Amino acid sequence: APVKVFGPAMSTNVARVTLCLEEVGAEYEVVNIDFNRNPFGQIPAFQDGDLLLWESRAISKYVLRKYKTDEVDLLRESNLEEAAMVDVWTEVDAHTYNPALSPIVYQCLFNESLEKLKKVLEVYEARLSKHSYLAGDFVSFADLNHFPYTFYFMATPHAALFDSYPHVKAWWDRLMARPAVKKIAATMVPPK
């Protein structure tokens, strides 16, 4: 039966989850809740029958595991080294990349971290020169994790910065072509 995601469609943490659900072809509903089993009262929340989860990354990994197939294996947990590189780049996204983007997005879309971001992008350029995707020659949760914040960065007048890092630009365009990513990009709008 269908699973439910609770939170705003355009939130970076909700988009992470909805992107995983689209990649694995799961049936799901997104429910817009107002703050008036989930002990910190956090959003996004996720229901799968009697299971209630929170923490966007934990919810995402549950989706990627539950719906895993031979053709859609985005954690690589049966290959120790591939799974390690998925985990490394998932943590680079959390600790290094999203913090380099986030204040440029905030500044620009709701009134000089550029030099820090250029240093990050140099490393990404080098990695994506050697490999198709961040964890190796396969798409993974590491790449998907980069979608939501980068999508908002691409709405700012700093979007063209990626043109100085041609392998990063090509990797970004590759993720943007994925049908699941296109579907979720379209959902990332305020409610109407």
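Sequential numbering from 1, following the sequence displayed.
Missing-residue flag, residue 37, threshold a third of other entries: Comparison shows residue 37 dropped in at least a third of the other entries.
Count class of coordinate-free deposited residues lying between the neighbours residue 111 and residue 112: According to the record, 10 or more deposited residues lack coordinates from residue 111 to residue 112.
Residue 36 to residue 37: deposited residues without atomic coordinates: The entry leaves 10 or more residues without coordinates here.
Residue stretch of maximal mean CA temperature factor, 97-105 vs 74-82: Of 74-82 and 97-105, the stretch with the higher C-alpha B-factor average is 97-105.
Of 58-66 and 41-49, the stretch whose C-alpha atoms average the higher B-factor in the entry: Here the higher of the two C-alpha B-factor means belongs to 41-49.
Third assignment of residue 132 from its chain's C-alpha B-factors: Middle third, going by the recorded CA B-factors of the chain.
For residue 142, the third of its chain into which the C-alpha B factor falls: Its C-alpha B-factor belongs to the lowest third of this chain's values.
Entry-reported Cα temperature factor of residue 161, expressed as the chain third it lands in: CA B-factor rank for residue 161: highest third.
CA B-factor ranking of residue 121, expressed as a third of its chain: As the PDB entry reports it, the C-alpha B-factor of residue 121 lands in the middle third of its chain.
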